[PDB]
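The next block holds one structure in the form of structure tokens; read it before the comments.
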Amino acid sequence: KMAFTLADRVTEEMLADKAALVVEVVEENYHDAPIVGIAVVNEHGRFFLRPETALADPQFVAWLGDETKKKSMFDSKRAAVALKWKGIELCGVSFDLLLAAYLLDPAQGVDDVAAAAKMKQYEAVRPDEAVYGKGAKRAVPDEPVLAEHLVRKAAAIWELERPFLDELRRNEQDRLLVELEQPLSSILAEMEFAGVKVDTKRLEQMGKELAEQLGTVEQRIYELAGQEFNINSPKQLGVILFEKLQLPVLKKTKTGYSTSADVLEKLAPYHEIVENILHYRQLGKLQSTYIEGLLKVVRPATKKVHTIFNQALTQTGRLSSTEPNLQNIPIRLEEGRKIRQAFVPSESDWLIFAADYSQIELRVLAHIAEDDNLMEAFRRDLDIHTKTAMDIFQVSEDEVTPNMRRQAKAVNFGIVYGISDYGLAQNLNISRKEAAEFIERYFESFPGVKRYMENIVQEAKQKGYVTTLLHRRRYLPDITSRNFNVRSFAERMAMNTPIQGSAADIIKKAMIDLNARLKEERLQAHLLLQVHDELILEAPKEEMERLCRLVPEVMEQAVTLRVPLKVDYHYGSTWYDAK
DNA sequence: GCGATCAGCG
DNA sequence: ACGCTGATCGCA
Ligand SMILES: [Ca+2]
């Protein structure tokens with residue numbers, strides 16, 4: 001019902017200087033995954049190509065890599081990375097329908113061409129799930145069915161670029177797509193493909209010691225419980241703590257007793273066992289997520305792990321990282337932080353280099369709120385998290401432990417993002433009256449922040465959405481809900497999304513500027529990871545001293561705010577040492 | 001499959 | 001009853 005040429009070879013008219021291009025990769029994780037078919041729609045017609053012939057045709061390969069041959073796509077990073085695993089470079093991507101739809105409305109959850117097309121009342125294309133099936137029934141359909149599906153996705157991309165660009169422009173988001181999100185997409189593709197090398201010998205050695213410690217702690221739990229049970233069975237763990245041992249019930253879940261860490265540490269005065277349960281869980285998390293789980297995704301021949309950075313997922317414009325998630329490797333407890341010793345440079349005589357923004361969101365907040373006291377504080381390079389800890393624990397700066405500071409950091413963001421006296425009291429284990437008084441005092445010193453919180457909520461009610469500094473957008477229909485609890489969650493999104501999203505806009509622009517600078521200086525240094533406000537590179541040790549001056553300066557100059565940006569940086573032989 | 005839990009980011 | 005995530009596990 002859609003006409004296309006099922007082509008046995010590549011012809012010249014498939015190689016126009018503008019085209020919609022589909023390079024179909026069905027597996028969720030696209031690293032080293034099969035390319036099942038290719039579709040091209042342009043001024044001369046619609047074409048399906050089998051990958052075994054198109055990708056071995058030198059004229060098609062050259063066309064893929066020629067940046068002056070413009071291609072419109074859906075999820076170009078997926079295609080570019082899968083093409084890299086075939087040793088083929090993809091250049092010239094000038095429109096990405098996934099990123100366009102994510103910018104117009106991140107809450108759509110647009111995950112295939114059909115869902116984006118529906119935004120514009122275009123429905124001549126099927127959802128990928130209807131074509132490939134789900135779960136165990138998932139499969140590549142017969143070639144005629146496959147070819148028509150890829151042609152229809154291309155034809156839709158061809159038709160939808162113009163109406164998506166028009167709405168992007170009306171939102172002031174067209175340059176956010178063309179100059180920020182699409183250039184970043186190519187950079188993430190390089191980072192994912194390069195991967196991160198892993199010391200599997202050290203990881204496996206840590207894993208075997210972990211298992212020994214796990215058994216020990218597990219046994220002392222049974223002998224403290226008087227009996228044996230399944231320390232991961234909530235019904236059984238609840239029965240031990242809150243029936244057998246008769247500990248107080250501080251919190252319930254939808255299903256029964258709560259046993260979260262916060263609860264367990266309030267019960268620590270009552271019984272020895274709760275601290276052992278915490279230690280047991282922590283060691284168990286290292287074992288299953290960070291030892292076993294990481295070894296499961298190491299590519300064995302290279303010892304590299306290849307994450308996927310999802311760039312059209314979070315509602316605030318942050319990236320997220322999957323399989324493995326390399327944005328939540330342990331760091332806060334010393335036993336957990338040791339995991340980062342297994343992350344090593346991919347060449348001999350190279351080093352890991354990490355640079356991170358200092359108090360990024362509070363600096364964004366001071367700029368956006370134009371709070372005089374908060375702006376003066378960062379003009380002075382004060383550490384607000386340390387000063388707040390000094391205040392909270394009545395200590396001197398000399399005596400601020402990394403953990404009191406991590407705790408104070410949660411108070412600082414909690415207050416600006418809407419924590420209640422009740423919630424602050426539970427976090428600090430203080431009186432609820434004290435908690436309210438402290439919050440009131442905090443807004444006395446920063447009345448511009450209080451004003452900003454009120455104004456941004458009112459602006460979300462009037463406009464229906466909030467925006468970031470680079471015009472990322474988030475719709476908030478619930479902000480006018482008649483239900484109090486639904487409205488409240490929405491008001492706290494209005495307070496938080498412009499701040500966290502603007503901080504995401506800044507690190508994204510820093511990544512684009514850093515890549516261009518590394519290329520200008522003809523250095524081998526390249527990005528490996530982003531962790532929200534931190535960038536991790538590797539480079540020859542010969543380049544470290546230049547990177548100590550180049551990387552902070554690029555990051556600090558990515559944007560100009562009413563306060564300076566500050567970057568801390570470290571390097572060393574493993575990711576552990578780059579801190 | 002989902003909710004509780006915990007690892008990270010602010 | 002601060003916000004944004006992803007992986008694992010048991011299943012009241
Ligand atoms: Ca930081």
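The figures that follow rest on heavy atoms only: side chains count, while hydrogens, waters and symmetry mates do not. Naming convention: chains lettered A, B, ... in sequence-line order (proteins, then strands); numbering from 1 in each chain.
When distances are taken from the side chain of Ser288(A) to each of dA12(C), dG8(B), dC9(C), the shortest belongs to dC9(C). Set against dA4(B), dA7(B), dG3(C), the side chain of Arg332(A) has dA7(B) as its closest nucleotide. For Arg492(A), whose side chain is taken as the heavy atoms from C-beta onward, the closest listed nucleotide among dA1(C), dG10(B), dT5(B) is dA1(C). Of the candidate nucleotides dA7(B), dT5(C), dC6(B), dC6(B) has the atom lying nearest to any side-chain atom of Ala261(A). Of all nucleotides listed (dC6(B), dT5(B), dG10(B)), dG10(B) comes nearest to the side chain of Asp356(A). Looking at the side chain of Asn496(A), the nearest of the listed nucleotides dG3(C), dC2(C), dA7(C) is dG3(C). For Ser233(A), whose side chain is taken as the heavy atoms from C-beta onward, the closest listed nucleotide among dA4(B), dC11(C), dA1(C) is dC11(C). With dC4(C), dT5(B), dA1(C) as the candidates, the nucleotide lying closest to the side chain of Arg281(A) is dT5(B). With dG10(B), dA1(C), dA4(B) as the choices, the nucleotide that has an atom nearest any side-chain atom of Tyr422(A) turns out to be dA1(C). Distance from the side chain of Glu361(A) is smallest for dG10(B) among the nucleotides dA7(C), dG3(C), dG10(B).
Here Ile329(A) lies in heavy-atom contact (under 4.0 Å) with sugar-phosphate atoms only. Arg474(A) comes within 4.0 angstrom of sugar-phosphate atoms only, judged by non-hydrogen atoms across all strands, and of no base. Contacts of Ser488(A) with the nucleic acid, taken as non-hydrogen atoms under 4.0 Å apart, are absent. Counting any heavy atom pair closer than 4.0 Å across all strands shown, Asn328(A) reaches a base atom. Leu313(A) comes within contact range of the sugar-phosphate backbone alone, with a heavy-atom separation under 4.0 Å but no base atom that close. At the heavy-atom level, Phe484(A) lies nowhere under 4.0 Å from the strands shown. Among the protein residues, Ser258(A) comes within range of the sugar-phosphate backbone only, with heavy atoms under 4.0 Å from sugar or phosphate atoms but none that close to a base. Residue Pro234(A) is classed as a base contact, given a heavy-atom separation below 4.0 Å to a base.
Spacing between atom OH of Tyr290(A) and atom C1' of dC6(B) amounts to 8 Å, rounded to whole angstrom units. One atom, NZ of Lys285(A), and another, P of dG8(B), lie 9 Å apart when rounded to the nearest Å. Taking atom CG of residue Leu286(A) and atom P of nucleotide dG8(B), one finds them 9 Å apart after rounding to whole Å. Rounded to whole Å, the distance from NZ on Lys235(A) to P on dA12(C) is 5 Å. Atoms CD (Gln311(A)) and P (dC4(C)) sit 19 Å apart, rounded to a whole Å. Taking atom CZ on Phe443(A) and atom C1' on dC2(C), their separation rounds to 10 Å, with Å as the unit. Spacing between atom CD of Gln282(A) and atom P of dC9(C) amounts to 17 Å, rounded to whole angstrom units.
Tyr417(A) and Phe413(A) have parallel rings, their planes meeting at less than 30° on a 0 to 90° scale where 60° marks the start of perpendicular.
Scanning both residues, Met493(A) and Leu476(A), for their nearest heavy atoms gives CE-CD2, 3.2 Å.
A side-chain N or O of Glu323(A) and one of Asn29(A) form a donor-acceptor pair less than 3.5 Å apart.
Contact annotation: side chain of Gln500(A) to base of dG3(C), donor-acceptor pair present below 3.5 Å.
Within the 4.5 Å cutoff, the side chain of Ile231(A) has heavy atoms near those of the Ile277(A) side chain.
A cation-pi contact links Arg492(A) to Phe489(A), judged by a cut-off of 6.0 Å to the six-membered ring centre and 45° from its axis. The side-chain tip of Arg473(A) points at the ring of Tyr465(A) from less than 6.0 angstrom away and within 45° of straight on.
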